[PDB]
Amino acid sequence: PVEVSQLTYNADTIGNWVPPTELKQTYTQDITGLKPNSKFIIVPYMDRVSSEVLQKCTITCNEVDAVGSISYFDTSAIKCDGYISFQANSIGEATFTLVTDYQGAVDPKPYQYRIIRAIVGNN
Ligand SMILES: [Zn+2]
Ligand SMILES: [Zn+2]
Ligand SMILES: [Zn+2]
């Protein structure tokens with residue numbers, strides 16, 4: 001276990017949200033490989049060419065006690081906003097619900113996320 005005076009963060013876990021296959025979709029994704037039972041923040045980031053076709057995605061977390069929402073939008077009124085606080089489950093995962101509303105969806109590029117972990121104690 002890491003002493004509190006030695007607190008650091010790891011903000012290098014990045015990943016992609018699976019793109020929808022239809023213009024309107026509600027679906028889930030399990031993020032895996034996280035330290036079991038650790039507490040995290042996930043935030044959106046963007047490094048992504050705009051579709052110009054109004055690709056909206058909203059994300060929440062299904063884990064008990066998770067709070068927050070993440071918003072993406074790529075066209076004019078850009079959104080890369082919100083965050084979720086959550087705890088990985090006992091198997092190192094967390095499930096998210098994605099609600100997508102895309103005006104057009106030909107080979108849609110994934111929206112992107114960053115996980116922030118405080119490395120302290122056993123977290
Ligand atoms: Zn799994
Ligand atoms: Zn509670
Ligand atoms: Zn294709």
Side-chain angles (χ1 to χ4, degrees):
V2 171
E3 283 286 342
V4 180
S5 67
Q6 299 312 297
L7 166 70
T8 63
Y9 301 89
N10 181 313
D12 292 323
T13 299
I14 59 168
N16 293 330
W17 298 115
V18 176
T21 56
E22 297 292 325
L23 302 180
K24 286 185 189 351
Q25 203 178 302
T26 296
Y27 62 104
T28 66
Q29 185 168 332
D30 293 353
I31 297 186
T32 192
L34 300 172
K35 188 171 187 297
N37 314 304
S38 280
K39 299 160 169 173
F40 299 94
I41 291 293
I42 183 169
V43 298
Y45 79 94
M46 197 163 290
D47 176 13
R48 184 185 179 274
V49 173
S50 175
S51 73
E52 305 304 350
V53 295
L54 296 76
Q55 296 182 336
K56 187 183 180 179
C57 175
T58 311
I59 309 190
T60 59
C61 182
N62 295 13
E63 298 309 307
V64 171
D65 284 2
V67 179
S69 181
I70 293 172
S71 289
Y72 301 93
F73 196 67
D74 67 351
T75 305
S76 190
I78 305 175
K79 296 266 197 308
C80 184
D81 198 7
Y83 66 91
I84 297 164
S85 65
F86 72 97
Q87 184 172 327
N89 74 9
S90 61
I91 61 161
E93 301 198 337
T95 299
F96 298 83
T97 295
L98 301 87
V99 177
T100 56
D101 176 352
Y102 288 20
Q103 179 185 106
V106 181
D107 296 307
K109 301 185 179 72
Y111 286 122
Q112 298 154 304
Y113 71 77
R114 180 183 305 287
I115 291 176
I116 299 164
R117 178 189 165 206
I119 298 178
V120 68
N122 294 309
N123 204 63

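Excluded from the calculations below are hydrogen atoms, water molecules and symmetry mates; all remaining heavy atoms, backbone and side chain alike, are included. Residues: numbered from 1 along the sequence shown.
- For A88, the side-chain contact (heavy atoms from CB on, under 4.5 Å) partners two or more places apart in sequence, or in a different chain, are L34, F40.
- By the criterion of side-chain heavy atoms lying less than 4.5 angstrom apart, applied directly or through intervening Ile, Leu, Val, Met, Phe, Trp or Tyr residues, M46 is grouped together with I59 in one hydrophobic cluster.
- Contacts classified as salt bridge (charged side-chain N to carboxylate O under 4.0 Å, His left out) and involving residues 51-71 (residues at least two apart or in different chains) are not found.
- One distance of note links OG of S50 with CZ of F73; it measures 8.5 Å at 0.5 Å rounding.
- Qualifying salt bridge (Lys or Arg N to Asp or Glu O under 4.0 Å) partners for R48, counting only residues two or more places apart in sequence or in other chains: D74.
- Within a 6.0 Å sphere centred on NZ of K35, heavy atoms belonging to other residues, nucleotides or ligands number more than 12.
- Put simply, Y83 and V67 are part of two different groups of oily side chains (I, L, V, M, F, W, Y) that touch within less than 4.5 Å, one to the next.
- Looking at residues two or more places apart in sequence or on another chain, you find no side-chain hydrogen bond (donor to acceptor under 3.5 Å, both in side chains) involving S71.
- Under the side-chain contact (heavy atoms from CB on, under 4.5 Å) criterion, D107 pairs with no residue, sequence neighbours left out.
- Taking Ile, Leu, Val, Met, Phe, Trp and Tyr as hydrophobic and joining them when side-chain heavy atoms fall under 4.5 Å apart, one finds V49 isolated, its cluster having no other members.
- The minimum heavy-atom distance between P1 and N122, with the atom names listed, is CB-OD1, 3.7 Å.
- Think of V106 as one node in a network of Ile, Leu, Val, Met, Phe, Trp and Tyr side chains linked at under 4.5 Å; it has no links at all.
- Residue pairs satisfying the salt bridge (charged side-chain N to carboxylate O under 4.0 Å, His left out) criterion with at least one member in residues 108-119, sequence neighbours excluded, are absent.
- When the side chains of ILVMFWY residues are joined at heavy-atom separations under 4.5 Å, either directly or via intervening members, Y27 and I42 end up in a single hydrophobic cluster.
- Taking OG1 of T100 as the start and OH of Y111 as the end, the distance is 10.0 Å to the nearest 0.5 Å.
- To the nearest 0.5 Å, atoms OG1 (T60) and CD1 (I84) are separated by 6.5 Å.
- With sequence neighbours left out, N89 forms a side-chain hydrogen bond (donor to acceptor under 3.5 Å, both in side chains) with no residue at all.
- Hydrophobic clustering of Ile, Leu, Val, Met, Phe, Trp and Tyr side chains at less than 4.5 Å, counting indirect connections, keeps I119 apart from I41.
- Heavy-atom minimum distance, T97 versus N62: OG1-OD1, 2.7 Å.
- The structure places CG of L98 at 9.0 Å from OG1 of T58, a figure rounded to the nearest 0.5 Å.
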Using residues 2-24 as the side-chain source, report each donor-acceptor pair under 3.5 Å to any protein atom, sequence neighbours left out, with the distance given to one decimal.
| from | atom 1 | to | atom 2 | distance (Å) |
| --- | --- | --- | --- | --- |
| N10 | OD1 | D12 | N | 2.9 |
| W17 | NE1 | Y72 | OH | 2.9 |
| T21 | OG1 | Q25 | OE1 | 3.4 |
| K24 | NZ | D101 | OD1 | 3.1 |

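- Hydrophobic clustering, with ILVMFWY side chains joined whenever heavy atoms are under 4.5 angstrom apart, keeps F96 apart from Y45.
- For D30, the side-chain hydrogen bond (donor to acceptor under 3.5 Å, both in side chains) partners two or more places apart in sequence, or in a different chain, are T95.
- Remark: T32 engages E93 in a side-chain hydrogen bond (donor to acceptor under 3.5 Å, both in side chains) (not counting sequence neighbours).
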